[PDB]
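Report on the structure
Letter by letter, the chains look like this.
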Amino acid sequence: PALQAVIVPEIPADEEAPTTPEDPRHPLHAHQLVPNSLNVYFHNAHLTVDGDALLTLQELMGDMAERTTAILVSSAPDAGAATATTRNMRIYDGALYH
């Protein structure tokens, strides 16, 4: 929900793309930096990102991940050391998907 708040402005037709953050046409300018949005998140670190770089979020959102999960996997001991009594106990290790 907090990922969709980008404040890139509407560049006028036939205008050069700004790069420096000193002008209001840049999304990281103080005039166009609304609190609690991606712009203040970037300016907290003092980074430089252009309008198209932030507009790429809409097509980045196409591929999505739901949430992280806890996955526990187990298996028998390897065939090099699998015998009648070793196959009884298994190895228990887990990981985090996403």
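Residues numbered from 1 in each chain as written, not as in the entry; some residues may be left out. Part of a larger assembly, values for the part shown. Heavy atoms only, no water. Residues with missing side-chain atoms left out of burial classes, pairs and counts.

Header annotation of the entry names cryo-EM as the structure determination method and lists the resolution as 4 Å.

Quick word on unusual backbone geometry
The residue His 46 is not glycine, and still its phi comes out positive at about 55°. Within the secondary structure layout, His 46 lies in the loop between α1 (38–44) and α2 (51–55). In this model, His 98 sits at a positive phi of 60°, which is unusual for a non-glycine residue. Relative to the helices and strands, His 98 resides in the segment after β2 (91–97). Take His 98: its relative accessible area is 60%, and that puts it in the exposed class. (Helix = DSSP H or I, 4+ residues; strand = E, 2+ residues; numbered from the N terminus. Buried < 20%, exposed > 50% of the residue type's maximum accessible area, 1.4 Å probe, protein only.)

Describing the pairing of β2
Each regular strand carries side chains that alternate between the two faces of the sheet. Summarising burial for β2: 0 of the 7 residues are buried, a small minority. Pairing between strand β1 (residues 69–75) and β2: 7 bridges, direction antiparallel. Bridge pairing links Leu 72 to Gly 94 in β2. (Pairing = 2+ DSSP bridges.)

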